[PDB]
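Peer 1: Pasting a structure here, questions to come.
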Amino acid sequence: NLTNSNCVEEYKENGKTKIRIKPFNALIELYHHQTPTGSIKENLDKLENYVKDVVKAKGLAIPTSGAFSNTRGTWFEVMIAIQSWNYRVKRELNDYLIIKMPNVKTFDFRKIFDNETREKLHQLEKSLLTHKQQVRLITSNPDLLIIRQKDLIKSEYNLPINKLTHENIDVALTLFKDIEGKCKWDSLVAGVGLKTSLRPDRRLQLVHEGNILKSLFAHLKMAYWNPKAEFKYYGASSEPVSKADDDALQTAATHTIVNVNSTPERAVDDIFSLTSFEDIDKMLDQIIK
Amino acid sequence: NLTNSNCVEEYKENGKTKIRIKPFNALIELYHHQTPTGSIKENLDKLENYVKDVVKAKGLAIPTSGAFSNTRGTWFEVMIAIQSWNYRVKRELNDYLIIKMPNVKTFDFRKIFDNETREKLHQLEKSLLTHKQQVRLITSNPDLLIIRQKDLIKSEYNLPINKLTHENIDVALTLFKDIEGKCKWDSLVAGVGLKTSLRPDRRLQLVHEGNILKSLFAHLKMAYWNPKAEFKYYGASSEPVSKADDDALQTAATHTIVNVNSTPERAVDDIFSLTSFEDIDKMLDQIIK
Amino acid sequence: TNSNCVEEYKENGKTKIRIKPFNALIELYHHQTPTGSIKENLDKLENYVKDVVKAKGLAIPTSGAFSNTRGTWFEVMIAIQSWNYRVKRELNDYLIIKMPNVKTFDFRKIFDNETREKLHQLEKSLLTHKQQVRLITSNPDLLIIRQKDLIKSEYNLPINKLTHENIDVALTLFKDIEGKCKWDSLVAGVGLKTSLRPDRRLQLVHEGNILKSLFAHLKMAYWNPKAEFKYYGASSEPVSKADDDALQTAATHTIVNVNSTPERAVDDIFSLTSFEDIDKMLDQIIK
Amino acid sequence: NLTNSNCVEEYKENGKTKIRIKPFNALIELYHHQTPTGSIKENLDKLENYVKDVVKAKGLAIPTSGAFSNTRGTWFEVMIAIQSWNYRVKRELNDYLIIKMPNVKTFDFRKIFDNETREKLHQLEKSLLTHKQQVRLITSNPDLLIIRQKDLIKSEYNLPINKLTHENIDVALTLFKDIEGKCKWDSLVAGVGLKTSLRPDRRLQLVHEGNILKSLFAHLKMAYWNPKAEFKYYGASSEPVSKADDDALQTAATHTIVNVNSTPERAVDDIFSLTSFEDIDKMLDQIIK
DNA sequence: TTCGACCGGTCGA
DNA sequence: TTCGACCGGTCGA
DNA sequence: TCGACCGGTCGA
DNA sequence: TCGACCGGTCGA
């Protein structure tokens, strides 16, 4: 029956036949009866070998690492997205949302804000571009956003996802649409960058991400002159985090160490090593409370 | 013939036979007649095809795309270090040095500084760790460092490298050792991140680099209360830079936009698309002046 | 003697003599607005009083009873002199207002509802600390506003004689603008002093510092780098290099970073010898 | 015996016969045997009468309150400089000095610093002048300086002053000379502005004082990147301090409230109402610890 | 078709 | 070994 | 000439 | 009562 799987799709491109992995089909096809749990890494290899056996059975050629790197990325994100969906359900956080975000083009995360907040950000933008050396504040959407605003929770969000289905995955991955233009600037409490693995270079992308996000938030705090609002950014790896990874992720928010009296603040507040799905819950516990 | 090449080396690891690319040997072997010129890519391709032909001849396994990623980066950097070495020579700057840097563990770039400057850095970095929330300022060594300090130029540096040889390469790649602990903080004028290609995520590593580097420099300027001193960071790609790449690289140094009065500054001052070796000269012209 | 420049009030069965500098202005200028030497015109108002008592059977008002009065007079002169300036200058979108004390009318009141709010945000925030902090300074003697919709045709009628109303209309100009000034419509403030002392001069650096500090926060709330406020000083006497140096003290908040470009609390100090100089000063201030 | 006292003086101011209150001698005569104690407020009035009785007696006119205001202030600063000196004696702070400072011209307080610290200040004050809009950091010397540096205490400072005599007063008023060029920047812990009375305008001179002093200290902290060092400025009045006086003296250091996260600070940390010599000790107790 | 964001497989020290 | 820094091959929108 | 002090107001 | 003004010193 593997020859019937859809985790891989064939197509021609410029007369060239190519095979494409469909990460969601592999998910749906393996977890439609119960949602994954246990060791996250095993689930990633399980999903990967599955795709490899399906392709082997279809008589197609094993996808390149590039394909698997991409795919594994998605798998990791969705598993975390679903686990987060259920997390707030069983933890009964009726004023919190943990959203898996799309890329910045599909939906620039700045869109989640109410119009007053969107105006302040525009103020700053147009301003930074109004110079000899035009300046911007760009960063990829954070993988996960954690919002705390009661009036945004719809009763349907309280229905746990107990199996991976086109429908269930879609509701999780489109949850972001519901909050568009409705969040008060300080309703945003934290962001999380997800990475199946780290590298001396890639891990720095987390620091950049937390830095630009916290720089934006810092400007909203001044706009609304509110020193108590706080935004934290976190990183999560499915593998062990070395000391080197740790130190790197302790990098200060350059805008927070300008002054000798200024208090240091890390771009990435904390890095989590998620070995099991239970750990996702523990991480969220530490992030949210 | 090719079966005699050394661009590829075989070895066993845990009873498993593996083939390793030796990027330098491919360089030396393809350019001991004359140093590369023209289209940077056609050259990088030429260097890769050569690694594959030697592999088919040797009967060995065709190296993974991950092995050609690592390697290709090594080639780009090297092909540049050489062009820059002869650049300063053919343009005549007995006060400028363009150094290809090793990784931060082999030689933390902070070591290029004299004892007084390195102490100011210690003060800061020791201060940042002296908090409940420990903070650091970590970034990979910039690929290229441009120093301007007359007393550091040795007459040997004026001997152009006209062919790639174990020595021609080593002298270029060990040039950094000579200046250890001898640079005055403001002798450092610019850094350059080199990348054969960009990606929406990787390109942000340049912004992080420039940001942390400029943050450190900003603190030295404070330390020596010298508003004149500058440090600029640049990015160089061997491929076309899209409008998206551009905008992303216009990201400001968060620590320069804290105040409504603070003049915005870019983490990466400019991004260069280097199609030919002549462009490397043009880039350097704009950077140095 | 029939004059009202002076008075004689009861204070614990110890009859004392007060001066109503106002009358000593109208009663000495119902004719016309003084001009020429600010120095000499000041004494004219003083001898007019040194007499009202020398022929009314009274005693000499203390050096200080006059210091107070000598100040006022000085002020009203510049104050009234600025009215005939805007008019005889064509500054229809400008107002030069002689401010009352911060109690009578806290200058923060000149701002529209949105601006006054931002200020509340801040000054309320500053009080929300274990160590409560404030941003207090006496109202600047003179305020220069630039907002077209605040000019009323009556402001264009020059004052060519000092009368209870000419005074009263000037010393109340601030009322018309209350709660009507956009934040960036404030262009400058000026400190007036007949003389300067090494200690008293530091009050202008403070005045300007607290004013600029405030305005600075208005610039950040509206993220508008362009807007700017300036503070100036004015002595009816010479200014020594020590007064100049002291008055060069930049804003401690404008020199925090070795990159931030410095600014002075008091942008410039003017020595006004004649009424002709008041116009010159205003010319430089208004740009 | 009054008609020969030295508390006054008749100098020739272009013809006119003028009386120059000679303040120091008026203390030395009322206190030729013991230190003034009990009530400051009162002790001031008597000092005023004695000198106000050596006048009419000698057939002269009671010098103008102007000369008295000038005179009165000094008596206050002097009495304080004395109780302050004996104060560290009875308490025995063998590493503390409470110095009555001369005007900034006679001895610019910046002179108390060692070479290195004076250097840093020069950097700054030279930099500020290097602009289109020349800027300075000027303030009158603080009335009282409190230094904490063990190696500056000479055994001779431990001999309490029990009576006001020319030699005594002068040892107290020249104590500042001893420490010239010897203090480490952070050895300076607090300054105190003394005023027999306050006024809505004059009290703001205290705020300016503290502000400029704290601004300078702030730059030294930067210079030596030491966030631990702290300088406090206080005000002391011989009369009751109204709520208006209080609020005014609550004005913050414009340079500590530039950022929303910036933690606000007062130019004048606290204002003391000194009714008795008893209170001078109490004030110092607070200040010093 | 282009752009966004993902990461795994190195070679060298 | 592990740690530093490199980047090319995706799948989705 | 300059530094730093403050007490005696007039008005609200 | 509180706001803001400044002129008359004594010393260096």
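By order in the structure tokens, chains are A, B, ...; within a chain, residues start at 1; ligands start at 1, following the order shown.
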For residue H:1, list every protein, DNA or RNA residue within 12 Å, evaluated using only C-alpha atoms (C1' of nucleotides), and leave out those in the same chain fewer than 5 positions away; present the list as a PyMOL selection string.

Peer 2: (chain D and resi 242-244) or (chain G and resi 12)

Peer 1: For the selection just defined, write its residues with C-alpha atoms (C1' of nucleotides) to a file, as an mmCIF file, in the first residue's frame.

Peer 2:
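File again-v7.cif, as written:
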data_model
loop_
_atom_site.group_PDB
_atom_site.id
_atom_site.type_symbol
_atom_site.label_atom_id
_atom_site.label_comp_id
_atom_site.auth_asym_id
_atom_site.auth_seq_id
_atom_site.Cartn_x
_atom_site.Cartn_y
_atom_site.Cartn_z
ATOM 1 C CA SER D 242 7.505 73.328 52.393
ATOM 2 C CA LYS D 243 5.773 70.722 50.266
ATOM 3 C CA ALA D 244 6.425 73.020 47.327
ATOM 4 C "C1'" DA G 12 -2.146 85.644 42.783
#

Peer 1: If we count only C-alpha atoms (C1' of nucleotides), what is near stretch 8-12 of chain E at a cut-off of 12 Å, once residues fewer than 3 positions away on the same chain are taken out, given as a ChimeraX atom specification?

Peer 2: /A:64-73,195-199,202 /B:7-9,18-24,63-75,102-103,105-106 /F:3-10

Peer 1: Can I get the selection written as an mmCIF file, in the first residue's frame, with C-alpha atoms (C1' of nucleotides)?

Peer 2:
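Output below, filename out_5.cif:
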data_model
loop_
_atom_site.group_PDB
_atom_site.id
_atom_site.type_symbol
_atom_site.label_atom_id
_atom_site.label_comp_id
_atom_site.auth_asym_id
_atom_site.auth_seq_id
_atom_site.Cartn_x
_atom_site.Cartn_y
_atom_site.Cartn_z
ATOM 1 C CA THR A 64 17.765 15.203 -1.297
ATOM 2 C CA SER A 65 18.851 16.411 2.140
ATOM 3 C CA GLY A 66 17.536 19.797 1.079
ATOM 4 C CA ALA A 67 14.082 18.290 0.834
ATOM 5 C CA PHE A 68 14.367 16.515 4.193
ATOM 6 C CA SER A 69 15.837 19.585 5.936
ATOM 7 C CA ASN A 70 12.876 21.601 4.702
ATOM 8 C CA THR A 71 10.349 18.904 5.511
ATOM 9 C CA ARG A 72 11.744 18.066 8.955
ATOM 10 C CA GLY A 73 11.451 21.767 9.621
ATOM 11 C CA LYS A 195 14.764 24.518 15.083
ATOM 12 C CA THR A 196 15.164 20.767 14.832
ATOM 13 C CA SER A 197 18.886 21.399 15.210
ATOM 14 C CA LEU A 198 21.332 24.209 15.791
ATOM 15 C CA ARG A 199 24.588 25.254 14.143
ATOM 16 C CA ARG A 202 22.063 29.283 12.282
ATOM 17 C CA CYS B 7 41.184 17.475 -4.122
ATOM 18 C CA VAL B 8 39.530 14.367 -2.643
ATOM 19 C CA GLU B 9 40.894 12.246 0.188
ATOM 20 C CA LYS B 18 34.387 7.960 3.539
ATOM 21 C CA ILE B 19 35.630 10.404 0.957
ATOM 22 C CA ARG B 20 36.576 13.936 1.988
ATOM 23 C CA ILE B 21 36.974 16.937 -0.265
ATOM 24 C CA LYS B 22 40.147 18.968 0.289
ATOM 25 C CA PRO B 23 39.051 22.377 -1.015
ATOM 26 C CA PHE B 24 42.581 23.827 -0.921
ATOM 27 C CA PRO B 63 30.403 14.074 -2.630
ATOM 28 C CA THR B 64 27.160 15.233 -1.011
ATOM 29 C CA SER B 65 25.749 18.744 -1.603
ATOM 30 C CA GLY B 66 26.630 19.475 2.021
ATOM 31 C CA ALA B 67 30.274 18.788 1.242
ATOM 32 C CA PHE B 68 30.118 21.144 -1.729
ATOM 33 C CA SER B 69 28.437 23.820 0.386
ATOM 34 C CA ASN B 70 31.229 23.844 2.983
ATOM 35 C CA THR B 71 33.869 23.617 0.292
ATOM 36 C CA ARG B 72 32.362 26.276 -2.004
ATOM 37 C CA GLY B 73 32.377 28.704 0.884
ATOM 38 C CA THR B 74 36.060 27.961 1.433
ATOM 39 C CA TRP B 75 36.740 28.668 -2.238
ATOM 40 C CA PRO B 102 39.725 32.026 10.870
ATOM 41 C CA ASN B 103 36.866 30.878 13.114
ATOM 42 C CA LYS B 105 37.759 29.615 18.363
ATOM 43 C CA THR B 106 40.974 29.365 16.336
ATOM 44 C "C1'" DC F 3 32.986 23.183 17.809
ATOM 45 C "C1'" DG F 4 33.188 26.995 14.010
ATOM 46 C "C1'" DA F 5 31.241 28.606 9.732
ATOM 47 C "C1'" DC F 6 29.870 27.298 5.119
ATOM 48 C "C1'" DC F 7 25.562 26.918 1.897
ATOM 49 C "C1'" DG F 8 22.521 24.521 -1.432
ATOM 50 C "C1'" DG F 9 18.131 21.929 -2.185
ATOM 51 C "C1'" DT F 10 13.962 22.253 -1.018
#

Peer 1: I'd like to know which residues of stretch 13-88 of chain C are helix (DSSP H, G or I) (by DSSP, run on the backbone); could you write them as a ChimeraX atom specification?

Peer 2: /C:23-26,38-52,63-87

Peer 1: May I have a table of the residues of chain C lying at most 10 Å from chain H, giving each one's closest pair of atoms and their distance in Å to one decimal, counting only C-alpha atoms (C1' of nucleotides), ordered by chain and ascending residue number, as CSV?

Peer 2:
residue,atom,partner,partner_atom,distance
C:63,CA,H:7,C1',7.0
C:64,CA,H:7,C1',7.2
C:65,CA,H:5,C1',9.9
C:66,CA,H:6,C1',8.8
C:67,CA,H:6,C1',5.0
C:68,CA,H:5,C1',4.6
C:69,CA,H:5,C1',7.6
C:70,CA,H:5,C1',8.1
C:71,CA,H:5,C1',5.5
C:72,CA,H:5,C1',7.3
C:100,CA,H:3,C1',9.1
C:101,CA,H:3,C1',5.7
C:102,CA,H:3,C1',7.0
C:103,CA,H:3,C1',6.8
C:104,CA,H:3,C1',8.6
C:138,CA,H:4,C1',7.6
C:139,CA,H:4,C1',9.1
C:141,CA,H:4,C1',9.5
C:192,CA,H:5,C1',10.0
C:193,CA,H:6,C1',8.1
C:194,CA,H:6,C1',7.7
C:195,CA,H:6,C1',7.3
C:196,CA,H:6,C1',8.5
C:197,CA,H:6,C1',9.1
C:200,CA,H:6,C1',8.8

Peer 1: For atom CA of residue A:104 and atom CA of residue A:140, determine how far apart the two atoms are, in Å to one decimal place.

Peer 2: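 Between these atoms lies a distance of 5.7 Å.
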
Peer 1: Output the contact residues of chain C with respect to chain D at a cut-off of 7 Å, based on only C-alpha atoms, as a ChimeraX atom specification.

Peer 2: /C:126,132-136,202-203,206,213,246,248-250,252-253,256,262-264

Peer 1: Please return, as a list in words, all residues of stretch 66-248 of chain D that DSSP assigns to strand (DSSP E or B) on the basis of the backbone.

Peer 2: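 The residues of stretch 66-248 of chain D classed as strand (DSSP E or B) are residues 96, 97, 98, 99, 100, 113, 136, 144, 145, 146, 147, 148, 183, 188, 189, 190, 191, 192, 193, 194, 195, 232, 233, 234, 235, 236 and 237 of chain D.
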
Peer 1: Would you mind listing what lies within 7 Å of stretch 164-169 of chain C as a list in words, with only C-alpha atoms (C1' of nucleotides) counted and same-chain residues fewer than 4 positions away left out?

Peer 2: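 Returned residues: residues 26, 159 and 173 of chain C.
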
Peer 1: Would you put the residues from that selection into a file with C-alpha atoms, as a compact mmCIF listing (two decimals), in the first residue's frame?

Peer 2:
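Okay, part-v5.txt is ready:
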# COMPACT_ATOMS: atom_id res chain seq x y z
CA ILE C 26 0.08 103.27 33.57
CA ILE C 159 -0.01 99.11 22.01
CA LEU C 173 -2.67 86.93 26.20

Peer 1: Taking only C-alpha atoms into account, which of D:286, D:37, D:226, D:86 comes nearest chain A?

Peer 2: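 Looking at the shortest contact to chain A, the residue is D:226.
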
Peer 1: With a distance cut-off of 12 Å and only C-alpha atoms (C1' of nucleotides), select the neighbouring residues of stretch 3-6 of chain C, excluding the residue or stretch itself and same-chain residues fewer than 2 positions from it, and output the selection as a VMD selection string.

Peer 2: (chain C and resid 1 8 to 9 16 to 28 45 to 61 65 to 66 69) or (chain G and resid 10)

Peer 1: When you count only C-alpha atoms, which of these residues is closest to chain D: B:182, B:148, B:41, B:228?

Peer 2: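 Going through B:182, B:148, B:41, B:228 one by one, the smallest distance to chain D is for B:228.
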
Peer 1: Interatomic distance between atom CA of residue C:228 and atom CA of residue C:185?

Peer 2: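 Spanning atom CA of residue C:228 to atom CA of residue C:185 is a straight-line distance of 9.6 Å.
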